[PDB]
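Working notes, beginning with the structure itself.
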Amino acid sequence: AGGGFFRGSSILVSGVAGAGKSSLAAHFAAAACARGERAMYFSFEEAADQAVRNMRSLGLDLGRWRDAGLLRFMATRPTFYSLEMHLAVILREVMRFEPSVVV
Amino acid sequence: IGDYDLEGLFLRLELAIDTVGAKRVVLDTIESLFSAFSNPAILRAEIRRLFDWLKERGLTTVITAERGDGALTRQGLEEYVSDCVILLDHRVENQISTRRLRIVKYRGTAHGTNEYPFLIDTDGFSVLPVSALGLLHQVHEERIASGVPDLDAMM
Amino acid sequence: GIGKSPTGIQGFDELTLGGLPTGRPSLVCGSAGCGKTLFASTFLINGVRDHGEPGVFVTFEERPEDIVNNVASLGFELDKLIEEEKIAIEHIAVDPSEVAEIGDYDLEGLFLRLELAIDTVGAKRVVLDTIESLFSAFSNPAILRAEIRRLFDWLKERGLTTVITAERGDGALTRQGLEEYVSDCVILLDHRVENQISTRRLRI
Amino acid sequence: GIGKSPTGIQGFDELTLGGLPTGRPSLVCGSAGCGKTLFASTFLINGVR
Ligand SMILES: Nc1ncnc2c1ncn2[C@@H]1O[C@H](COP(=O)(O)OP(=O)(O)OP(=O)(O)O)[C@@H](O)[C@H]1O
Ligand SMILES: Nc1ncnc2c1ncn2[C@@H]1O[C@H](COP(=O)(O)OP(=O)(O)O)[C@@H](O)[C@H]1O
Ligand SMILES: Nc1ncnc2c1ncn2[C@@H]1O[C@H](COP(=O)(O)OP(=O)(O)O)[C@@H](O)[C@H]1O
Ligand SMILES: [Mg+2]
Ligand SMILES: [Mg+2]
Ligand SMILES: [Mg+2]
């Protein structure tokens, strides 16, 4: 009812591997960018070029939005930082870009 | 304590350095000289004297220290005087021994702070840290055949 | 209640509800590499920058240039502040004979010097770093506690916000086990390894 | 920041962001057989080479 989730809400997408979790998140981000807003998508298991190629088959164009300066796609393994510095980097980056949707 | 004339040692070390025009130095088994000192304050003063003399020359120095029964050093004072402290460890778990490395202190910059297993092998020390692995690959558009033509038809 | 001095580490001021005590010494304890020197350096630098409080860094071990360089990469223009006459680094060296026994050092002599240093910059914050050199000599528990109390009382009389860096050694908080019972604020910095991952931790 | 001297052990230079400090002593601590002598030998030999 009303056309979707509330704006500042917290949404959890759950499922088994291959379910479509990444595709739904990318659809969220791509729509957010398509409305002219800004999105940040933090992936911890796939690379940027690989994620772009994978989403391209589903008809999304995440590259258009990266090249337009409306989607920041950040990829880092969980072992690259300590739990404190992961949080620090995420918060700093979110601050600077001032996103509307963070995944 | 004070039995050894450290200035005498300083004279000699100078001779050795000027022979080859050294820019790197290793002091190995300084425990022989400093295990004698049996008052905590006097020992720390002598260690500071030696370290200050080394720092004055501008010589990149590595000092090997023995853990003994201590966390880092037997006498427990050298780790509070140096600027870089590196601990090497060899622990046994379930009958398997692992060489590990750690940078306990390094004043002046950022560095790794975890324990990094390493290997002494035919060519020397080898460290392949897991924190250096990123996610920056390159992607290709060709495909690889499986040798099962039926399975390839499923894709 | 009591007055407090902000450290500039937002998030430690929130925990302390304002900062470290004003006019009383504080003890920062840790092992090697735990950051208890960067804590004092940050205290002094943030005090001078955000509140116009000249500071003094008394060191019994390290040289002033080493202290200046140890924080250069963090962005602190410590050389600037030293040039501008807003921070003073004082080196009080001790020779092997000097530190032999109890009462060997004339603490009043030290008090005279520290006074000189404070009146140079008109300090309102002070850091005493590596006082272990002087007090590791004392080998009777009572005499050592009396001397530590003497020093702390002298510091408290002046109304100077002081931070004292202490080495854990093999102890829970301090090597000799007495300074934590004389100060009013005790902060422990810890660096523990679990499953090969090291974590910096802080506790009041 | 500070100058550094490469040790020649690639993977320890990466962790240290250049190597051991130039112009300052460094302490390598370990029990018997932990390799703290091979570390110094490698430091010297790689430096000269
Ligand atoms: N062009 C396409 N046509 C039909 N189905 C596709 C197409 N592209 C991808 N799919 C399906 O989309 C799915 C994507 O799965 P997705 O990665 O989004 O789920 P996941 O929960 O994130 O998995 P992971 O464990 O890798 O994170 C693929 O398994 C694939 O089966
Ligand atoms: N620029 C920096 N970035 C991240 N960490 C740093 C930086 N500079 C210093 N550090 C930390 O400073 C630590 C040393 O702490 P320090 O306070 O100088 O000595 P101590 O704790 O023995 O008194 C080092 O272990 C190092 O990790
Ligand atoms: N050619 C080699 N190949 C693999 N390991 C070696 C080789 N040579 C020495 N080692 C290691 O060197 C270790 C001794 O370390 P060393 O630095 O010489 O003494 P210490 O650690 O007490 O200072 C031995 O335990 C051995 O495992
Ligand atoms: Mg996925
Ligand atoms: Mg220190
Ligand atoms: Mg050896």
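Following the order of the structure tokens, first chain is A, next is B, and so on, with residues numbered from 1 inside each chain and ligands from 1 in the order they appear.
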
Within 8 Å of ligand 1 (only C-alpha atoms and all ligand atoms), residues as a PyMOL selection string: chain A and resi 14-24+45+54-55+57-59

Residues of chain C within 8 Å of chain D, only C-alpha atoms counted, as a list in words: residues 69, 72 and 73 of chain C

Residues of chain C within 12 Å of chain A, only C-alpha atoms counted, as a ChimeraX atom specification: /C:196-201

At most 8 Å is the cut-off: for each residue in chain A with any atom that close to an atom of chain B, write down the nearest atom pair and the distance in Å rounded to one decimal, counting only C-alpha atoms, chain first then increasing number, as a tab-separated table.
residue	atom	partner	partner_atom	distance
A:45	CA	B:135	CA	7.7
A:46	CA	B:135	CA	6.7
A:47	CA	B:135	CA	5.1
A:48	CA	B:136	CA	7.3
A:49	CA	B:139	CA	6.5
A:50	CA	B:139	CA	6.0
A:53	CA	B:139	CA	8.0
A:75	CA	B:135	CA	6.3
A:76	CA	B:135	CA	5.9
A:77	CA	B:134	CA	6.2
A:79	CA	B:131	CA	5.8
A:80	CA	B:131	CA	4.7
A:81	CA	B:131	CA	7.2

Neighbourhood of ligand 2 at 10 Å, counting only C-alpha atoms and all ligand atoms, reported as a PyMOL selection string: (chain B and resi 79-85+103-113) or (chain C and resi 28-41+67+70-75+129-130+165-167+189-191+200) or (chain D and resi 1)

Would you mind exporting the chosen residues as a compact mmCIF listing (two decimals), in the first residue's frame, restricted to N, CA and C atoms?
# COMPACT_ATOMS: atom_id res chain seq x y z
N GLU B 79 62.14 -3.23 24.69
CA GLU B 79 60.98 -2.96 23.85
C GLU B 79 60.40 -1.57 24.10
N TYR B 80 60.72 -0.96 25.24
CA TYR B 80 60.27 0.37 25.58
C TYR B 80 61.26 1.46 25.19
N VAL B 81 62.40 1.09 24.61
CA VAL B 81 63.41 2.06 24.20
C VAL B 81 63.51 2.18 22.68
N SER B 82 63.20 1.12 21.94
CA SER B 82 63.32 1.15 20.50
C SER B 82 62.08 1.77 19.86
N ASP B 83 62.18 2.03 18.56
CA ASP B 83 61.08 2.60 17.80
C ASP B 83 60.31 1.56 16.99
N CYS B 84 60.98 0.49 16.56
CA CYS B 84 60.34 -0.61 15.84
C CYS B 84 60.61 -1.91 16.58
N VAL B 85 59.55 -2.65 16.89
CA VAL B 85 59.64 -3.93 17.58
C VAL B 85 58.92 -4.97 16.73
N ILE B 103 54.30 -6.99 14.05
CA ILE B 103 54.94 -5.70 14.29
C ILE B 103 54.26 -5.10 15.50
N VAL B 104 54.89 -5.24 16.67
CA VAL B 104 54.27 -4.79 17.91
C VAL B 104 54.26 -3.27 17.98
N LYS B 105 55.36 -2.63 17.60
CA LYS B 105 55.44 -1.17 17.56
C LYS B 105 56.20 -0.73 16.33
N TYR B 106 55.75 0.36 15.73
CA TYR B 106 56.52 1.05 14.72
C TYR B 106 56.16 2.53 14.76
N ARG B 107 56.91 3.31 15.53
CA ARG B 107 56.60 4.73 15.69
C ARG B 107 56.86 5.48 14.39
N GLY B 108 55.91 6.32 13.99
CA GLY B 108 56.10 7.25 12.89
C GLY B 108 55.19 7.06 11.70
N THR B 109 54.35 6.03 11.66
CA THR B 109 53.53 5.78 10.47
C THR B 109 52.56 4.66 10.77
N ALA B 110 51.67 4.40 9.81
CA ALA B 110 50.74 3.29 9.90
C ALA B 110 51.37 2.01 9.36
N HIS B 111 50.89 0.88 9.87
CA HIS B 111 51.40 -0.42 9.45
C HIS B 111 50.36 -1.48 9.80
N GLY B 112 50.62 -2.70 9.34
CA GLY B 112 49.79 -3.82 9.72
C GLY B 112 49.99 -4.19 11.18
N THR B 113 48.90 -4.63 11.82
CA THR B 113 48.91 -4.91 13.25
C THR B 113 48.45 -6.32 13.58
N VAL C 28 47.95 7.31 32.05
CA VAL C 28 47.65 6.48 30.89
C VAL C 28 48.65 5.33 30.89
N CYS C 29 48.14 4.11 31.03
CA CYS C 29 48.96 2.93 31.18
C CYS C 29 48.80 2.02 29.97
N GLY C 30 49.90 1.42 29.53
CA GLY C 30 49.84 0.46 28.45
C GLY C 30 51.19 -0.18 28.23
N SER C 31 51.17 -1.26 27.45
CA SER C 31 52.39 -1.92 27.03
C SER C 31 52.99 -1.17 25.85
N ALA C 32 53.99 -1.76 25.20
CA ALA C 32 54.68 -1.09 24.11
C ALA C 32 53.81 -1.08 22.86
N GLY C 33 53.69 0.08 22.23
CA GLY C 33 52.92 0.21 21.01
C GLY C 33 51.43 0.38 21.20
N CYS C 34 50.97 0.57 22.44
CA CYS C 34 49.54 0.68 22.70
C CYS C 34 48.99 2.07 22.42
N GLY C 35 49.84 3.05 22.16
CA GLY C 35 49.39 4.38 21.81
C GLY C 35 49.34 5.38 22.95
N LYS C 36 49.93 5.06 24.11
CA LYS C 36 49.83 5.94 25.26
C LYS C 36 50.68 7.20 25.12
N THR C 37 51.56 7.27 24.13
CA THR C 37 52.28 8.50 23.84
C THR C 37 51.51 9.38 22.86
N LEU C 38 50.89 8.77 21.85
CA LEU C 38 50.02 9.52 20.96
C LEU C 38 48.85 10.13 21.72
N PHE C 39 48.37 9.45 22.76
CA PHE C 39 47.30 10.01 23.58
C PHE C 39 47.72 11.34 24.20
N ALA C 40 48.90 11.36 24.83
CA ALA C 40 49.38 12.59 25.46
C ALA C 40 49.68 13.66 24.42
N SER C 41 50.27 13.27 23.29
CA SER C 41 50.55 14.24 22.24
C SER C 41 49.27 14.88 21.73
N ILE C 67 60.35 13.11 19.20
CA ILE C 67 58.95 13.33 19.53
C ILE C 67 58.26 14.09 18.41
N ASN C 70 57.72 11.73 15.41
CA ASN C 70 56.85 10.59 15.63
C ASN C 70 55.39 10.89 15.31
N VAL C 71 55.01 12.16 15.23
CA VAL C 71 53.63 12.55 14.97
C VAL C 71 53.50 13.36 13.69
N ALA C 72 54.58 13.48 12.90
CA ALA C 72 54.51 14.26 11.68
C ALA C 72 53.51 13.67 10.69
N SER C 73 53.50 12.34 10.56
CA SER C 73 52.62 11.69 9.59
C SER C 73 51.15 11.84 9.95
N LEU C 74 50.84 12.13 11.21
CA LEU C 74 49.45 12.30 11.63
C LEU C 74 48.90 13.68 11.29
N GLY C 75 49.73 14.57 10.74
CA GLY C 75 49.29 15.89 10.37
C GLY C 75 49.51 16.96 11.41
N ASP C 129 56.42 12.09 30.44
CA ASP C 129 56.58 10.87 29.67
C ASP C 129 57.85 10.16 30.10
N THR C 130 57.74 8.86 30.34
CA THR C 130 58.85 8.04 30.82
C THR C 130 59.38 8.61 32.13
N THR C 165 52.43 9.10 31.46
CA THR C 165 52.45 7.85 30.72
C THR C 165 53.21 6.80 31.52
N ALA C 166 52.58 5.64 31.69
CA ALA C 166 53.13 4.56 32.50
C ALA C 166 53.17 3.27 31.70
N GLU C 167 54.16 2.44 32.01
CA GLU C 167 54.41 1.20 31.28
C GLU C 167 53.87 0.02 32.07
N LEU C 189 45.17 1.40 28.02
CA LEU C 189 45.15 1.12 26.60
C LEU C 189 45.70 -0.28 26.36
N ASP C 190 45.00 -1.05 25.53
CA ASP C 190 45.29 -2.46 25.36
C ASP C 190 45.29 -2.82 23.88
N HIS C 191 46.10 -3.81 23.52
CA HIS C 191 46.24 -4.27 22.14
C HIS C 191 46.35 -5.79 22.19
N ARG C 200 42.78 -2.75 19.12
CA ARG C 200 43.04 -1.70 20.09
C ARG C 200 41.80 -1.49 20.95
N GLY D 1 56.16 10.75 5.20
CA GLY D 1 56.52 10.83 6.61
C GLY D 1 58.00 10.59 6.85

Alpha helix (DSSP H) call set, DSSP backbone run, segment 4-201 of chain C, as a VMD selection string: chain C and resid 13 to 16 36 to 51 64 to 70 78 to 84 107 to 121 132 to 135 141 to 158

Protein and nucleic residues near ligand 6, 10 Å, only C-alpha atoms and all ligand atoms, as a list in words: residues 28, 29, 64, 65 and 66 of chain B; 30, 31, 32, 33, 34, 35, 36, 37, 38, 39 and 40 of chain D

Write a file of the selected residues as a JSON list (two decimals), in the first residue's frame, keeping C-alpha atoms.
[["chain", "number", "residue", "atom", "x", "y", "z"],
["B", 28, "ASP", "CA", 73.53, -9.94, 17.42],
["B", 29, "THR", "CA", 73.62, -11.39, 20.93],
["B", 64, "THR", "CA", 68.37, -9.38, 17.87],
["B", 65, "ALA", "CA", 66.86, -10.06, 21.29],
["B", 66, "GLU", "CA", 65.97, -13.27, 23.11],
["D", 30, "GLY", "CA", 62.05, -14.28, 19.51],
["D", 31, "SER", "CA", 62.78, -17.54, 21.25],
["D", 32, "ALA", "CA", 65.30, -20.09, 19.99],
["D", 33, "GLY", "CA", 64.85, -21.14, 16.37],
["D", 34, "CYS", "CA", 62.30, -18.44, 15.54],
["D", 35, "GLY", "CA", 64.43, -17.03, 12.70],
["D", 36, "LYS", "CA", 65.48, -13.70, 14.21],
["D", 37, "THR", "CA", 69.05, -14.22, 12.98],
["D", 38, "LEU", "CA", 68.02, -15.08, 9.42],
["D", 39, "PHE", "CA", 65.96, -11.88, 9.50],
["D", 40, "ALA", "CA", 69.03, -9.74, 10.19]]

Exercise: residue 4 of chain D partners within 6 Å, only C-alpha atoms, chain neighbours under 6 positions left out, as an MDAnalysis selection string: chainID D and resid 18:22

How would the residues just chosen look if you wrote them out with C-alpha atoms as a PDB file, in the first residue's frame?
ATOM      1  CA  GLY D  18      58.576   0.673   2.765  1.00  0.00           C
ATOM      2  CA  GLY D  19      60.631  -1.229   5.316  1.00  0.00           C
ATOM      3  CA  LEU D  20      62.476  -0.669   8.561  1.00  0.00           C
ATOM      4  CA  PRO D  21      63.198   2.870   9.779  1.00  0.00           C
ATOM      5  CA  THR D  22      66.222   4.631   8.323  1.00  0.00           C
TER       6      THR D  22
END

Residue 27 of chain C environment, 10 Å, only C-alpha atoms, sequence neighbours closer than 2 positions dropped, as a PyMOL selection string: chain C and resi 25+29-30+36+128+162-166+173-174+179-180+182-188

Write out, as JSON lines, each residue of chain B that has an atom at most 12 Å from ligand 3, together with the closest pair of atoms and their distance in Å to one decimal, counting only C-alpha atoms and all ligand atoms, rows going by chain and rising number.
{"residue": "B:27", "atom": "CA", "partner": "ligand 3", "partner_atom_place_in_ligand_line": "23 (O)", "distance": 11.8}
{"residue": "B:28", "atom": "CA", "partner": "ligand 3", "partner_atom_place_in_ligand_line": "23 (O)", "distance": 8.6}
{"residue": "B:29", "atom": "CA", "partner": "ligand 3", "partner_atom_place_in_ligand_line": "23 (O)", "distance": 8.9}
{"residue": "B:63", "atom": "CA", "partner": "ligand 3", "partner_atom_place_in_ligand_line": "23 (O)", "distance": 10.9}
{"residue": "B:64", "atom": "CA", "partner": "ligand 3", "partner_atom_place_in_ligand_line": "23 (O)", "distance": 7.4}
{"residue": "B:65", "atom": "CA", "partner": "ligand 3", "partner_atom_place_in_ligand_line": "23 (O)", "distance": 8.4}
{"residue": "B:66", "atom": "CA", "partner": "ligand 3", "partner_atom_place_in_ligand_line": "22 (O)", "distance": 7.9}
{"residue": "B:67", "atom": "CA", "partner": "ligand 3", "partner_atom_place_in_ligand_line": "22 (O)", "distance": 10.0}
{"residue": "B:68", "atom": "CA", "partner": "ligand 3", "partner_atom_place_in_ligand_line": "22 (O)", "distance": 11.1}
{"residue": "B:87", "atom": "CA", "partner": "ligand 3", "partner_atom_place_in_ligand_line": "21 (O)", "distance": 11.0}
{"residue": "B:88", "atom": "CA", "partner": "ligand 3", "partner_atom_place_in_ligand_line": "21 (O)", "distance": 8.4}
{"residue": "B:89", "atom": "CA", "partner": "ligand 3", "partner_atom_place_in_ligand_line": "21 (O)", "distance": 9.4}
{"residue": "B:90", "atom": "CA", "partner": "ligand 3", "partner_atom_place_in_ligand_line": "25 (O)", "distance": 9.3}
{"residue": "B:97", "atom": "CA", "partner": "ligand 3", "partner_atom_place_in_ligand_line": "27 (O)", "distance": 11.1}
{"residue": "B:98", "atom": "CA", "partner": "ligand 3", "partner_atom_place_in_ligand_line": "27 (O)", "distance": 11.2}
{"residue": "B:99", "atom": "CA", "partner": "ligand 3", "partner_atom_place_in_ligand_line": "27 (O)", "distance": 9.6}
{"residue": "B:118", "atom": "CA", "partner": "ligand 3", "partner_atom_place_in_ligand_line": "5 (N)", "distance": 11.2}
{"residue": "B:119", "atom": "CA", "partner": "ligand 3", "partner_atom_place_in_ligand_line": "4 (C)", "distance": 7.9}
{"residue": "B:120", "atom": "CA", "partner": "ligand 3", "partner_atom_place_in_ligand_line": "5 (N)", "distance": 4.7}
{"residue": "B:121", "atom": "CA", "partner": "ligand 3", "partner_atom_place_in_ligand_line": "4 (C)", "distance": 4.2}
{"residue": "B:122", "atom": "CA", "partner": "ligand 3", "partner_atom_place_in_ligand_line": "3 (N)", "distance": 5.0}
{"residue": "B:123", "atom": "CA", "partner": "ligand 3", "partner_atom_place_in_ligand_line": "1 (N)", "distance": 7.5}
{"residue": "B:124", "atom": "CA", "partner": "ligand 3", "partner_atom_place_in_ligand_line": "3 (N)", "distance": 7.2}
{"residue": "B:125", "atom": "CA", "partner": "ligand 3", "partner_atom_place_in_ligand_line": "5 (N)", "distance": 8.8}
{"residue": "B:126", "atom": "CA", "partner": "ligand 3", "partner_atom_place_in_ligand_line": "4 (C)", "distance": 10.7}

Just the selected residues (N, CA and C atoms), exported as a short mmCIF file (atom, residue, chain, number, x, y, z; two decimals), in the first residue's frame, please.
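To be explicit, this is the file written out as out.cif:
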data_model
loop_
_atom_site.label_atom_id
_atom_site.label_comp_id
_atom_site.auth_asym_id
_atom_site.auth_seq_id
_atom_site.Cartn_x
_atom_site.Cartn_y
_atom_site.Cartn_z
N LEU B 27 73.46 -5.88 15.30
CA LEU B 27 74.03 -6.26 16.59
C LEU B 27 73.33 -7.53 17.05
N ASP B 28 74.08 -8.63 17.11
CA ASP B 28 73.53 -9.94 17.42
C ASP B 28 74.11 -10.44 18.73
N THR B 29 73.23 -10.93 19.60
CA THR B 29 73.62 -11.39 20.93
C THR B 29 74.30 -10.26 21.70
N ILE B 63 68.71 -5.12 15.96
CA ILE B 63 69.21 -5.74 17.17
C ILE B 63 68.37 -6.98 17.45
N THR B 64 69.04 -8.12 17.60
CA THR B 64 68.37 -9.38 17.87
C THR B 64 68.30 -9.61 19.37
N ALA B 65 67.10 -9.90 19.87
CA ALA B 65 66.86 -10.06 21.29
C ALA B 65 66.18 -11.40 21.56
N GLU B 66 66.45 -11.95 22.73
CA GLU B 66 65.97 -13.27 23.11
C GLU B 66 64.79 -13.14 24.06
N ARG B 67 63.71 -13.85 23.75
CA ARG B 67 62.48 -13.72 24.53
C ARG B 67 62.64 -14.27 25.94
N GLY B 68 63.33 -15.39 26.08
CA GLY B 68 63.42 -16.02 27.39
C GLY B 68 62.04 -16.41 27.88
N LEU B 87 58.13 -9.11 16.57
CA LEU B 87 58.12 -10.36 17.30
C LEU B 87 57.96 -11.52 16.33
N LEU B 88 58.87 -12.49 16.41
CA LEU B 88 58.78 -13.73 15.65
C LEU B 88 58.41 -14.86 16.59
N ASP B 89 57.45 -15.67 16.18
CA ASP B 89 56.85 -16.68 17.04
C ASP B 89 56.74 -18.00 16.29
N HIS B 90 56.83 -19.10 17.05
CA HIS B 90 56.76 -20.45 16.50
C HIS B 90 55.95 -21.29 17.48
N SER B 97 53.24 -26.96 13.88
CA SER B 97 53.96 -25.75 14.23
C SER B 97 53.79 -24.70 13.14
N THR B 98 53.59 -23.45 13.55
CA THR B 98 53.38 -22.35 12.62
C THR B 98 54.32 -21.21 12.97
N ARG B 99 55.06 -20.74 11.97
CA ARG B 99 55.84 -19.51 12.10
C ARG B 99 54.91 -18.32 11.93
N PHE B 118 54.35 -16.91 8.16
CA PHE B 118 55.36 -16.81 7.13
C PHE B 118 56.08 -18.14 7.00
N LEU B 119 57.05 -18.18 6.09
CA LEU B 119 57.74 -19.41 5.73
C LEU B 119 59.21 -19.11 5.48
N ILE B 120 60.09 -19.90 6.09
CA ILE B 120 61.50 -19.91 5.73
C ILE B 120 61.71 -21.09 4.80
N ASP B 121 62.13 -20.81 3.57
CA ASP B 121 62.12 -21.82 2.51
C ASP B 121 63.46 -21.67 1.78
N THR B 122 63.59 -22.32 0.63
CA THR B 122 64.87 -22.42 -0.06
C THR B 122 65.47 -21.07 -0.41
N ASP B 123 64.65 -20.01 -0.50
CA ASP B 123 65.14 -18.70 -0.90
C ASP B 123 65.16 -17.67 0.22
N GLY B 124 64.43 -17.89 1.30
CA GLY B 124 64.49 -17.02 2.45
C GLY B 124 63.11 -16.81 3.05
N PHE B 125 62.99 -15.72 3.80
CA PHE B 125 61.72 -15.36 4.42
C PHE B 125 60.68 -15.07 3.35
N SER B 126 59.46 -15.55 3.58
CA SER B 126 58.34 -15.31 2.67
C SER B 126 57.09 -14.99 3.48
#

Who sits within 12 Å of residue 14 of chain B, only C-alpha atoms, same chain under 6 positions skipped, as a ChimeraX atom specification: /B:7-8,20-23,25,53-54,57,59

For the residues in that selection, give me N, CA, C and O atoms as a PDB file, in the first residue's frame.
ATOM      1  N   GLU B   7      82.181   3.029  25.866  1.00  0.00           N
ATOM      2  CA  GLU B   7      82.927   3.853  24.929  1.00  0.00           C
ATOM      3  C   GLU B   7      83.986   3.033  24.210  1.00  0.00           C
ATOM      4  O   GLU B   7      84.255   3.275  23.040  1.00  0.00           O
ATOM      5  N   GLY B   8      84.601   2.064  24.887  1.00  0.00           N
ATOM      6  CA  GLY B   8      85.518   1.175  24.194  1.00  0.00           C
ATOM      7  C   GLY B   8      84.815   0.427  23.073  1.00  0.00           C
ATOM      8  O   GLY B   8      85.316   0.342  21.939  1.00  0.00           O
ATOM      9  N   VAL B  20      84.130  -0.666   5.929  1.00  0.00           N
ATOM     10  CA  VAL B  20      83.314  -0.903   4.742  1.00  0.00           C
ATOM     11  C   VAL B  20      82.449   0.294   4.382  1.00  0.00           C
ATOM     12  O   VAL B  20      81.728   0.241   3.372  1.00  0.00           O
ATOM     13  N   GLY B  21      82.496   1.370   5.163  1.00  0.00           N
ATOM     14  CA  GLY B  21      81.616   2.497   4.938  1.00  0.00           C
ATOM     15  C   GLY B  21      80.170   2.087   5.093  1.00  0.00           C
ATOM     16  O   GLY B  21      79.325   2.383   4.243  1.00  0.00           O
ATOM     17  N   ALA B  22      79.880   1.396   6.191  1.00  0.00           N
ATOM     18  CA  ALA B  22      78.582   0.769   6.373  1.00  0.00           C
ATOM     19  C   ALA B  22      77.463   1.797   6.407  1.00  0.00           C
ATOM     20  O   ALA B  22      77.638   2.934   6.853  1.00  0.00           O
ATOM     21  N   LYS B  23      76.301   1.376   5.918  1.00  0.00           N
ATOM     22  CA  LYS B  23      75.062   2.111   6.090  1.00  0.00           C
ATOM     23  C   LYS B  23      73.984   1.269   6.758  1.00  0.00           C
ATOM     24  O   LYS B  23      72.907   1.798   7.057  1.00  0.00           O
ATOM     25  N   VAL B  25      73.703  -1.947   9.942  1.00  0.00           N
ATOM     26  CA  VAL B  25      74.423  -2.658  10.992  1.00  0.00           C
ATOM     27  C   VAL B  25      73.479  -3.648  11.662  1.00  0.00           C
ATOM     28  O   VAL B  25      72.278  -3.398  11.791  1.00  0.00           O
ATOM     29  N   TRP B  53      73.701   6.331  21.024  1.00  0.00           N
ATOM     30  CA  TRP B  53      74.909   6.336  20.207  1.00  0.00           C
ATOM     31  C   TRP B  53      74.616   5.822  18.806  1.00  0.00           C
ATOM     32  O   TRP B  53      75.095   6.386  17.816  1.00  0.00           O
ATOM     33  N   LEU B  54      73.829   4.749  18.701  1.00  0.00           N
ATOM     34  CA  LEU B  54      73.483   4.226  17.383  1.00  0.00           C
ATOM     35  C   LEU B  54      72.680   5.242  16.580  1.00  0.00           C
ATOM     36  O   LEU B  54      72.923   5.430  15.382  1.00  0.00           O
ATOM     37  N   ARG B  57      74.674   8.245  14.839  1.00  0.00           N
ATOM     38  CA  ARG B  57      75.426   7.989  13.618  1.00  0.00           C
ATOM     39  C   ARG B  57      74.549   7.971  12.373  1.00  0.00           C
ATOM     40  O   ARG B  57      75.072   8.094  11.262  1.00  0.00           O
ATOM     41  N   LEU B  59      72.756   5.248  11.431  1.00  0.00           N
ATOM     42  CA  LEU B  59      72.968   3.912  10.892  1.00  0.00           C
ATOM     43  C   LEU B  59      71.708   3.088  11.098  1.00  0.00           C
ATOM     44  O   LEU B  59      71.208   2.980  12.223  1.00  0.00           O
TER      45      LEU B  59
END

Sel. of strand (DSSP E) residues, chain D, as a ChimeraX atom specification: /D:4-5,20-21,25-30
